[PDB]
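Listing of entry_29.csv; format and content: CSV, N, CA and C atoms.
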```csv
chain,number,residue,atom,x,y,z
A,1,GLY,N,26.4,-91.9,-62.7
A,1,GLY,CA,25.8,-91.2,-61.6
A,1,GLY,C,26.0,-89.7,-61.6
A,2,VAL,N,24.9,-89.0,-61.2
A,2,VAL,CA,24.9,-87.6,-61.1
A,2,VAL,C,24.3,-87.1,-59.8
A,3,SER,N,25.1,-86.3,-59.0
A,3,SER,CA,24.6,-85.8,-57.8
A,3,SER,C,25.3,-84.5,-57.5
A,4,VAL,N,24.5,-83.5,-57.1
A,4,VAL,CA,25.1,-82.2,-56.7
A,4,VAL,C,24.1,-81.5,-55.7
A,5,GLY,N,24.7,-81.0,-54.6
A,5,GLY,CA,23.9,-80.4,-53.6
A,5,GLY,C,24.2,-79.0,-53.4
A,6,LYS,N,23.2,-78.2,-53.2
A,6,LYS,CA,23.3,-76.7,-53.1
A,6,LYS,C,22.8,-76.3,-51.8
A,7,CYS,N,23.5,-75.5,-51.0
A,7,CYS,CA,23.1,-74.9,-49.7
A,7,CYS,C,23.5,-73.5,-49.7
A,8,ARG,N,22.5,-72.7,-49.2
A,8,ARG,CA,22.7,-71.2,-49.1
A,8,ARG,C,22.2,-70.8,-47.7
A,9,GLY,N,23.0,-70.0,-47.0
A,9,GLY,CA,22.6,-69.4,-45.7
A,9,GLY,C,22.9,-68.0,-45.6
A,10,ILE,N,22.1,-67.2,-44.9
A,10,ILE,CA,22.3,-65.8,-44.7
A,10,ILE,C,21.6,-65.4,-43.4
A,11,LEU,N,22.3,-64.6,-42.6
A,11,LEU,CA,21.8,-64.1,-41.3
A,11,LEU,C,21.9,-62.6,-41.2
A,12,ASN,N,20.9,-62.0,-40.6
A,12,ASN,CA,20.9,-60.5,-40.4
A,12,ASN,C,20.2,-60.2,-39.1
A,13,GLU,N,20.8,-59.3,-38.3
A,13,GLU,CA,20.2,-58.9,-37.1
A,13,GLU,C,20.8,-57.6,-36.7
A,14,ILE,N,20.0,-56.6,-36.3
A,14,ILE,CA,20.4,-55.3,-35.8
A,14,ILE,C,19.5,-54.9,-34.6
A,15,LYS,N,20.2,-54.4,-33.6
A,15,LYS,CA,19.4,-54.0,-32.4
A,15,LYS,C,19.9,-52.6,-32.0
A,16,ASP,N,19.0,-51.7,-31.7
A,16,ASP,CA,19.3,-50.3,-31.4
A,16,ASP,C,18.4,-49.8,-30.3
A,17,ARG,N,19.0,-49.0,-29.4
A,17,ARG,CA,18.3,-48.4,-28.3
A,17,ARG,C,18.9,-47.1,-27.9
A,18,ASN,N,18.0,-46.1,-27.6
A,18,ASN,CA,18.5,-44.7,-27.3
A,18,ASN,C,17.5,-44.2,-26.3
A,19,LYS,N,18.0,-43.5,-25.3
A,19,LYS,CA,17.2,-42.8,-24.2
A,19,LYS,C,17.8,-41.5,-23.8
A,20,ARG,N,17.0,-40.5,-23.6
A,20,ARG,CA,17.4,-39.2,-23.3
A,20,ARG,C,16.4,-38.6,-22.3
A,21,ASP,N,16.9,-37.9,-21.2
A,21,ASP,CA,16.0,-37.3,-20.2
A,21,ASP,C,16.7,-36.1,-19.6
A,22,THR,N,16.0,-35.1,-19.3
A,22,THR,CA,16.5,-33.9,-18.7
A,22,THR,C,15.5,-33.3,-17.7
A,23,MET,N,16.0,-32.6,-16.7
A,23,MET,CA,15.2,-32.0,-15.7
A,23,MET,C,15.9,-30.7,-15.2
A,24,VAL,N,15.1,-29.6,-15.3
A,24,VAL,CA,15.7,-28.3,-14.9
A,24,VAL,C,14.8,-27.7,-13.8
A,25,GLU,N,15.4,-27.1,-12.8
A,25,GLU,CA,14.7,-26.5,-11.7
A,25,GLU,C,15.3,-25.1,-11.4
A,26,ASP,N,14.5,-24.1,-11.1
A,26,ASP,CA,15.0,-22.8,-10.7
A,26,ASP,C,14.2,-22.3,-9.6
A,27,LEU,N,14.8,-21.3,-8.9
A,27,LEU,CA,14.2,-20.7,-7.7
A,27,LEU,C,14.7,-19.2,-7.6
A,28,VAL,N,13.7,-18.3,-7.5
A,28,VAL,CA,14.0,-16.9,-7.5
A,28,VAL,C,13.3,-16.3,-6.3
A,29,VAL,N,14.0,-15.4,-5.5
A,29,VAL,CA,13.5,-14.7,-4.4
A,29,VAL,C,13.4,-13.2,-4.6
A,30,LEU,N,12.6,-12.6,-3.9
A,30,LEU,CA,12.4,-11.1,-4.0
A,30,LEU,C,12.1,-10.5,-2.6
A,31,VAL,N,13.0,-9.8,-2.1
A,31,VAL,CA,12.9,-9.2,-0.8
A,31,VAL,C,13.0,-7.7,-0.9
A,32,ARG,N,12.1,-6.9,-0.3
A,32,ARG,CA,12.2,-5.5,-0.2
A,32,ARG,C,11.8,-5.0,1.1
A,33,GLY,N,12.7,-4.3,1.8
A,33,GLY,CA,12.4,-3.8,3.2
A,33,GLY,C,13.3,-4.3,4.2
A,34,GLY,N,14.3,-3.5,4.7
A,34,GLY,CA,15.2,-4.0,5.7
A,34,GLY,C,16.7,-3.6,5.4
A,35,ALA,N,17.3,-2.8,6.2
A,35,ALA,CA,18.6,-2.4,6.1
A,35,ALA,C,19.6,-3.0,7.1
A,36,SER,N,19.1,-3.3,8.3
A,36,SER,CA,20.0,-3.9,9.3
A,36,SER,C,20.6,-5.3,8.8
A,37,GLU,N,21.4,-5.8,9.7
A,37,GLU,CA,22.0,-7.1,9.4
A,37,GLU,C,21.0,-8.2,9.3
A,38,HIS,N,19.8,-8.0,9.8
A,38,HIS,CA,18.7,-9.0,9.7
A,38,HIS,C,18.4,-9.3,8.2
A,39,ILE,N,18.2,-8.2,7.4
A,39,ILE,CA,17.9,-8.4,6.0
A,39,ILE,C,19.2,-8.8,5.3
A,40,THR,N,20.3,-8.5,5.8
A,40,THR,CA,21.6,-9.0,5.2
A,40,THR,C,21.7,-10.5,5.3
A,41,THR,N,21.4,-11.0,6.4
A,41,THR,CA,21.3,-12.5,6.6
A,41,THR,C,20.2,-13.1,5.8
A,42,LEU,N,19.1,-12.4,5.7
A,42,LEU,CA,17.9,-12.9,4.9
A,42,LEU,C,18.2,-12.8,3.4
A,43,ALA,N,19.1,-11.9,3.0
A,43,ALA,CA,19.5,-11.8,1.6
A,43,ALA,C,20.3,-12.9,1.1
A,44,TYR,N,20.6,-14.0,1.9
A,44,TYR,CA,21.4,-15.1,1.5
A,44,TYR,C,20.6,-15.9,0.4
A,45,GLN,N,21.2,-15.9,-0.8
A,45,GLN,CA,20.6,-16.6,-1.9
A,45,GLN,C,20.5,-18.1,-1.7
A,46,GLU,N,21.3,-18.7,-0.8
A,46,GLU,CA,21.3,-20.1,-0.5
A,46,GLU,C,20.2,-20.4,0.5
A,47,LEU,N,17.2,-23.0,0.0
A,47,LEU,CA,16.5,-23.1,1.2
A,47,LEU,C,15.6,-21.9,1.5
A,48,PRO,N,14.4,-21.9,1.0
A,48,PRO,CA,13.5,-20.7,1.1
A,48,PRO,C,12.8,-20.7,2.5
A,49,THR,N,13.6,-20.7,3.6
A,49,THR,CA,13.1,-20.7,4.9
A,49,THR,C,14.2,-20.3,5.8
B,1,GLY,N,21.2,5.2,8.0
B,1,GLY,CA,20.8,3.8,8.0
B,1,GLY,C,21.9,2.9,8.3
B,2,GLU,N,23.1,3.3,8.2
B,2,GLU,CA,24.3,2.5,8.6
B,2,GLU,C,24.7,2.6,10.0
B,3,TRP,N,24.1,3.4,10.9
B,3,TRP,CA,24.4,3.5,12.3
B,3,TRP,C,23.6,2.5,13.1
B,4,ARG,N,23.7,1.2,12.7
B,4,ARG,CA,23.0,0.1,13.3
B,4,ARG,C,23.8,-1.1,13.6
B,5,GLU,N,25.1,-1.0,13.7
B,5,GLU,CA,26.0,-2.1,13.9
B,5,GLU,C,25.8,-2.8,15.2
B,6,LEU,N,26.1,-2.2,16.3
B,6,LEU,CA,26.0,-2.8,17.7
B,6,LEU,C,26.3,-1.8,18.8
B,7,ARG,N,25.7,-2.0,20.0
B,7,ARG,CA,26.0,-1.2,21.1
B,7,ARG,C,25.6,-1.9,22.4
B,8,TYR,N,26.5,-2.1,23.3
B,8,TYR,CA,26.3,-2.8,24.5
B,8,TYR,C,26.8,-2.1,25.7
B,9,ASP,N,26.2,-2.4,26.9
B,9,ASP,CA,26.6,-1.8,28.2
B,9,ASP,C,26.6,-2.9,29.3
B,10,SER,N,27.7,-3.3,29.7
B,10,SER,CA,27.8,-4.4,30.7
B,10,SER,C,27.5,-4.0,32.1
B,11,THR,N,27.8,-2.8,32.5
B,11,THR,CA,27.6,-2.3,33.9
B,11,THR,C,26.2,-2.3,34.3
B,12,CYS,N,25.3,-1.8,33.4
B,12,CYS,CA,23.9,-1.7,33.6
B,12,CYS,C,23.1,-2.8,33.0
B,13,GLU,N,23.8,-3.8,32.4
B,13,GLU,CA,23.1,-4.8,31.6
B,13,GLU,C,22.2,-4.3,30.6
B,14,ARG,N,22.6,-3.3,29.9
B,14,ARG,CA,21.8,-2.5,28.9
B,14,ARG,C,22.3,-2.9,27.5
B,15,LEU,N,21.5,-3.5,26.7
B,15,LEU,CA,21.8,-3.8,25.3
B,15,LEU,C,20.8,-3.0,24.5
B,16,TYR,N,21.3,-2.0,23.7
B,16,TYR,CA,20.5,-1.1,22.9
B,16,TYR,C,21.0,-1.1,21.5
B,17,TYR,N,20.6,-0.1,20.7
B,17,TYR,CA,20.8,-0.1,19.3
B,17,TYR,C,21.7,1.1,18.9
B,18,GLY,N,22.0,1.3,17.6
B,18,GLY,CA,22.9,2.2,17.2
B,18,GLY,C,22.4,3.7,17.3
B,19,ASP,N,22.3,4.2,18.5
B,19,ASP,CA,21.8,5.5,18.7
B,19,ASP,C,23.0,6.5,18.7
B,20,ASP,N,24.2,6.1,19.0
B,20,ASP,CA,25.3,7.0,19.0
B,20,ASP,C,25.7,7.5,17.6
B,21,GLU,N,25.8,8.8,17.4
B,21,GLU,CA,26.2,9.4,16.2
B,21,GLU,C,25.5,8.8,15.0
B,22,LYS,N,24.2,9.1,14.9
B,22,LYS,CA,23.3,8.6,13.9
B,22,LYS,C,22.6,9.9,13.2
B,23,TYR,N,23.4,10.5,12.3
B,23,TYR,CA,22.9,11.6,11.5
B,23,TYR,C,23.9,11.8,10.4
B,24,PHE,N,23.3,12.1,9.2
B,24,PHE,CA,24.1,12.3,8.0
B,24,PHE,C,23.7,13.7,7.4
B,25,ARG,N,24.7,14.6,7.4
B,25,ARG,CA,24.5,15.9,6.8
B,25,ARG,C,24.6,15.8,5.3
B,26,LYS,N,23.6,16.5,4.6
B,26,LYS,CA,23.5,16.4,3.2
B,26,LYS,C,24.4,17.5,2.5
B,27,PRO,N,25.5,17.1,1.8
B,27,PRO,CA,26.4,18.1,1.2
B,27,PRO,C,25.7,18.9,0.1
B,28,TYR,N,23.8,21.3,-0.4
B,28,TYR,CA,23.3,22.2,-1.4
B,28,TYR,C,23.2,21.5,-2.8
B,29,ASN,N,24.4,20.9,-3.2
B,29,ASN,CA,24.5,20.2,-4.4
B,29,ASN,C,23.7,18.9,-4.5
B,30,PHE,N,23.2,18.4,-3.4
B,30,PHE,CA,22.5,17.1,-3.3
B,30,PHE,C,21.0,17.5,-3.0
B,31,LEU,N,20.1,17.0,-3.8
B,31,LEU,CA,18.7,17.2,-3.6
B,31,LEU,C,18.2,16.5,-2.4
B,32,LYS,N,18.3,15.2,-2.4
B,32,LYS,CA,17.9,14.3,-1.3
B,32,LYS,C,18.6,13.0,-1.4
B,33,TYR,N,18.8,12.4,-0.2
B,33,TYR,CA,19.5,11.1,-0.1
B,33,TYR,C,18.5,9.9,-0.2
B,34,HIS,N,17.3,10.1,0.4
B,34,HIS,CA,16.2,9.1,0.3
B,34,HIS,C,16.6,7.7,0.7
B,35,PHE,N,17.0,7.6,2.0
B,35,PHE,CA,17.3,6.3,2.6
B,35,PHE,C,16.3,5.3,2.3
B,36,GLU,N,16.7,4.1,1.8
B,36,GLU,CA,15.8,3.0,1.5
B,36,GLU,C,16.6,1.7,1.5
B,37,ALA,N,15.9,0.6,1.4
B,37,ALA,CA,16.6,-0.7,1.5
B,37,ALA,C,15.8,-1.7,0.7
B,38,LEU,N,16.5,-2.4,-0.2
B,38,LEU,CA,15.9,-3.5,-0.9
B,38,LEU,C,17.0,-4.5,-1.4
B,39,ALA,N,16.8,-5.8,-1.1
B,39,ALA,CA,17.8,-6.8,-1.5
B,39,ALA,C,17.1,-7.9,-2.2
B,40,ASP,N,17.3,-8.0,-3.5
B,40,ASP,CA,16.6,-9.0,-4.4
B,40,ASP,C,17.7,-10.0,-4.9
B,41,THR,N,17.7,-11.2,-4.4
B,41,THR,CA,18.6,-12.3,-4.8
B,41,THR,C,17.9,-13.2,-5.8
B,42,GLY,N,18.3,-13.1,-7.0
B,42,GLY,CA,17.7,-13.9,-8.1
B,42,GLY,C,18.6,-15.0,-8.6
B,43,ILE,N,18.2,-16.2,-8.5
B,43,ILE,CA,19.0,-17.4,-8.9
B,43,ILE,C,18.3,-18.0,-10.1
B,44,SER,N,19.1,-18.1,-11.2
B,44,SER,CA,18.6,-18.6,-12.5
B,44,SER,C,19.4,-19.9,-12.8
B,45,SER,N,18.8,-21.1,-12.5
B,45,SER,CA,19.4,-22.4,-12.7
B,45,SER,C,18.6,-23.1,-13.7
B,46,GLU,N,19.3,-23.6,-14.7
B,46,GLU,CA,18.8,-24.4,-15.8
B,46,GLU,C,19.7,-25.6,-16.1
B,47,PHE,N,19.3,-26.8,-15.5
B,47,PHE,CA,20.1,-28.0,-15.7
B,47,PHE,C,19.5,-28.8,-16.8
B,48,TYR,N,20.4,-29.0,-17.9
B,48,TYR,CA,20.0,-29.8,-19.0
B,48,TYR,C,20.9,-31.0,-19.2
B,49,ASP,N,20.3,-32.1,-19.6
B,49,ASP,CA,21.0,-33.4,-19.7
B,49,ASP,C,20.5,-34.0,-21.0
B,50,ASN,N,21.5,-34.3,-21.9
B,50,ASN,CA,21.3,-34.9,-23.2
B,50,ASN,C,22.2,-36.1,-23.4
```
Hey, can you dump this file as structure tokens for me?
Amino acid sequence: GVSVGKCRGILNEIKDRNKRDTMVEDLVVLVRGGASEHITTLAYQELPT
Amino acid sequence: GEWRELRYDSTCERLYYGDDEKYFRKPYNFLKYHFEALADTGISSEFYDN
């Protein structure tokens, strides 16, 4: 009697994920006219109102 | 331009402006002082995310 069994197995799997996001915001003011404390308080760089 | 701080009068209930001692003598060697006022606040913000 002759009997011989052959079995071969192989597995492969790769998963990849990448995400990138950016957001930039700027605000510039320009005031000319006023010397009293009113323009000094208005010269606050920190809300455009 | 700097004589504008504050001025009050309680007896007559009179609130007025910086009229007291508002004059600046220009020291021959100076051509002109040219009082003016400008205040430019520029904010440059650049937020980057990677």
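The spacing separating CA of residue 40 (chain A) from CA of residue 5 (chain B) amounts to 11.9 Å.
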Closest of A:2, A:37, A:12, A:18 to chain B - atom-to-atom distances counting only C-alpha atoms: A:37
Give the residues of chain A that lie within 5 Å of chain B; count only N, CA and C atoms, and format the answer as a PDB file with N, CA and C atoms, keeping the file's coordinate frame.
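Output below, filename iface28.pdb:
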```
ATOM      1  N   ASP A  21      16.900 -37.900 -21.200  1.00  0.00           N
ATOM      2  CA  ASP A  21      16.000 -37.300 -20.200  1.00  0.00           C
ATOM      3  C   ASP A  21      16.700 -36.100 -19.600  1.00  0.00           C
ATOM      4  N   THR A  22      16.000 -35.100 -19.300  1.00  0.00           N
ATOM      5  CA  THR A  22      16.500 -33.900 -18.700  1.00  0.00           C
ATOM      6  C   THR A  22      15.500 -33.300 -17.700  1.00  0.00           C
ATOM      7  N   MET A  23      16.000 -32.600 -16.700  1.00  0.00           N
ATOM      8  CA  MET A  23      15.200 -32.000 -15.700  1.00  0.00           C
ATOM      9  C   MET A  23      15.900 -30.700 -15.200  1.00  0.00           C
ATOM     10  N   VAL A  24      15.100 -29.600 -15.300  1.00  0.00           N
ATOM     11  CA  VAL A  24      15.700 -28.300 -14.900  1.00  0.00           C
ATOM     12  C   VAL A  24      14.800 -27.700 -13.800  1.00  0.00           C
ATOM     13  N   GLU A  25      15.400 -27.100 -12.800  1.00  0.00           N
ATOM     14  CA  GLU A  25      14.700 -26.500 -11.700  1.00  0.00           C
ATOM     15  C   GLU A  25      15.300 -25.100 -11.400  1.00  0.00           C
ATOM     16  N   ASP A  26      14.500 -24.100 -11.100  1.00  0.00           N
ATOM     17  CA  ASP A  26      15.000 -22.800 -10.700  1.00  0.00           C
ATOM     18  C   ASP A  26      14.200 -22.300  -9.600  1.00  0.00           C
ATOM     19  N   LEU A  27      14.800 -21.300  -8.900  1.00  0.00           N
ATOM     20  CA  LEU A  27      14.200 -20.700  -7.700  1.00  0.00           C
ATOM     21  C   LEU A  27      14.700 -19.200  -7.600  1.00  0.00           C
ATOM     22  N   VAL A  28      13.700 -18.300  -7.500  1.00  0.00           N
ATOM     23  CA  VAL A  28      14.000 -16.900  -7.500  1.00  0.00           C
ATOM     24  C   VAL A  28      13.300 -16.300  -6.300  1.00  0.00           C
ATOM     25  N   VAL A  29      14.000 -15.400  -5.500  1.00  0.00           N
ATOM     26  CA  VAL A  29      13.500 -14.700  -4.400  1.00  0.00           C
ATOM     27  C   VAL A  29      13.400 -13.200  -4.600  1.00  0.00           C
ATOM     28  N   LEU A  30      12.600 -12.600  -3.900  1.00  0.00           N
ATOM     29  CA  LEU A  30      12.400 -11.100  -4.000  1.00  0.00           C
ATOM     30  C   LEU A  30      12.100 -10.500  -2.600  1.00  0.00           C
ATOM     31  N   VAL A  31      13.000  -9.800  -2.100  1.00  0.00           N
ATOM     32  CA  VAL A  31      12.900  -9.200  -0.800  1.00  0.00           C
ATOM     33  C   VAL A  31      13.000  -7.700  -0.900  1.00  0.00           C
ATOM     34  N   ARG A  32      12.100  -6.900  -0.300  1.00  0.00           N
ATOM     35  CA  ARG A  32      12.200  -5.500  -0.200  1.00  0.00           C
ATOM     36  C   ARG A  32      11.800  -5.000   1.100  1.00  0.00           C
ATOM     37  N   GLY A  33      12.700  -4.300   1.800  1.00  0.00           N
ATOM     38  CA  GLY A  33      12.400  -3.800   3.200  1.00  0.00           C
ATOM     39  C   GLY A  33      13.300  -4.300   4.200  1.00  0.00           C
ATOM     40  N   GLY A  34      14.300  -3.500   4.700  1.00  0.00           N
ATOM     41  CA  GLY A  34      15.200  -4.000   5.700  1.00  0.00           C
ATOM     42  C   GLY A  34      16.700  -3.600   5.400  1.00  0.00           C
TER      43      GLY A  34
END
```
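Interatomic distance, atom N of residue 36 (chain A) to CA of residue 7 (chain B): 14.7 Å.
Taking atom C of residue 6 (chain B) and CA of residue 23 (chain B) as the two end points, the separation is 15.6 Å.
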Strand (DSSP E) per DSSP on the backbone: members of chain B, as an MDAnalysis selection string: chainID B and resid 7:9 14:16 38:39 42:43
Residues within 12 Å of residue 34 (chain B), only C-alpha atoms, excluding chain neighbours under 4 positions, as number ranges by chain: B: 1, 24, 26, 30
Expected answer as a list in words: alpha helix (DSSP H) residues in chain A: residues 37, 38, 39, 40, 41 and 42 of chain A
The selected residues should be written to file as a compact mmCIF listing (two decimals), in the frame of the given file (atoms: N, CA and C atoms).
```
# COMPACT_ATOMS: atom_id res chain seq x y z
N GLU A 37 21.40 -5.80 9.70
CA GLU A 37 22.00 -7.10 9.40
C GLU A 37 21.00 -8.20 9.30
N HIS A 38 19.80 -8.00 9.80
CA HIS A 38 18.70 -9.00 9.70
C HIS A 38 18.40 -9.30 8.20
N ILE A 39 18.20 -8.20 7.40
CA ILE A 39 17.90 -8.40 6.00
C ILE A 39 19.20 -8.80 5.30
N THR A 40 20.30 -8.50 5.80
CA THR A 40 21.60 -9.00 5.20
C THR A 40 21.70 -10.50 5.30
N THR A 41 21.40 -11.00 6.40
CA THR A 41 21.30 -12.50 6.60
C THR A 41 20.20 -13.10 5.80
N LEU A 42 19.10 -12.40 5.70
CA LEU A 42 17.90 -12.90 4.90
C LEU A 42 18.20 -12.80 3.40
```
Please fill the gaps in region 11-23 of chain A so it has N, CA, C and O atoms, and write that as a compact mmCIF listing (two decimals), keeping the file's coordinate frame.
```txt
# COMPACT_ATOMS: atom_id res chain seq x y z
N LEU A 11 22.30 -64.60 -42.60
CA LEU A 11 21.80 -64.10 -41.30
C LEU A 11 21.90 -62.60 -41.20
O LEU A 11 22.89 -62.03 -41.72
N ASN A 12 20.90 -62.00 -40.60
CA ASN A 12 20.90 -60.50 -40.40
C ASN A 12 20.20 -60.20 -39.10
O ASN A 12 19.12 -60.74 -38.85
N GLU A 13 20.80 -59.30 -38.30
CA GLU A 13 20.20 -58.90 -37.10
C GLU A 13 20.80 -57.60 -36.70
O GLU A 13 22.05 -57.40 -36.74
N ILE A 14 20.00 -56.60 -36.30
CA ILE A 14 20.40 -55.30 -35.80
C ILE A 14 19.50 -54.90 -34.60
O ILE A 14 18.32 -54.96 -34.73
N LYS A 15 20.20 -54.40 -33.60
CA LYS A 15 19.40 -54.00 -32.40
C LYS A 15 19.90 -52.60 -32.00
O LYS A 15 21.12 -52.29 -32.02
N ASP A 16 19.00 -51.70 -31.70
CA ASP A 16 19.30 -50.30 -31.40
C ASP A 16 18.40 -49.80 -30.30
O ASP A 16 17.25 -50.20 -30.14
N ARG A 17 19.00 -49.00 -29.40
CA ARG A 17 18.30 -48.40 -28.30
C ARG A 17 18.90 -47.10 -27.90
O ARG A 17 20.13 -46.90 -27.92
N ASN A 18 18.00 -46.10 -27.60
CA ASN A 18 18.50 -44.70 -27.30
C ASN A 18 17.50 -44.20 -26.30
O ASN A 18 16.29 -44.35 -26.39
N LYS A 19 18.00 -43.50 -25.30
CA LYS A 19 17.20 -42.80 -24.20
C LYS A 19 17.80 -41.50 -23.80
O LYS A 19 19.06 -41.37 -23.72
N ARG A 20 17.00 -40.50 -23.60
CA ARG A 20 17.40 -39.20 -23.30
C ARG A 20 16.40 -38.60 -22.30
O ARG A 20 15.17 -38.72 -22.48
N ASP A 21 16.90 -37.90 -21.20
CA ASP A 21 16.00 -37.30 -20.20
C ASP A 21 16.70 -36.10 -19.60
O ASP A 21 17.96 -36.14 -19.43
N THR A 22 16.00 -35.10 -19.30
CA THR A 22 16.50 -33.90 -18.70
C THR A 22 15.50 -33.30 -17.70
O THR A 22 14.30 -33.59 -17.77
N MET A 23 16.00 -32.60 -16.70
CA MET A 23 15.20 -32.00 -15.70
C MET A 23 15.90 -30.70 -15.20
O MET A 23 17.06 -30.70 -14.84
```
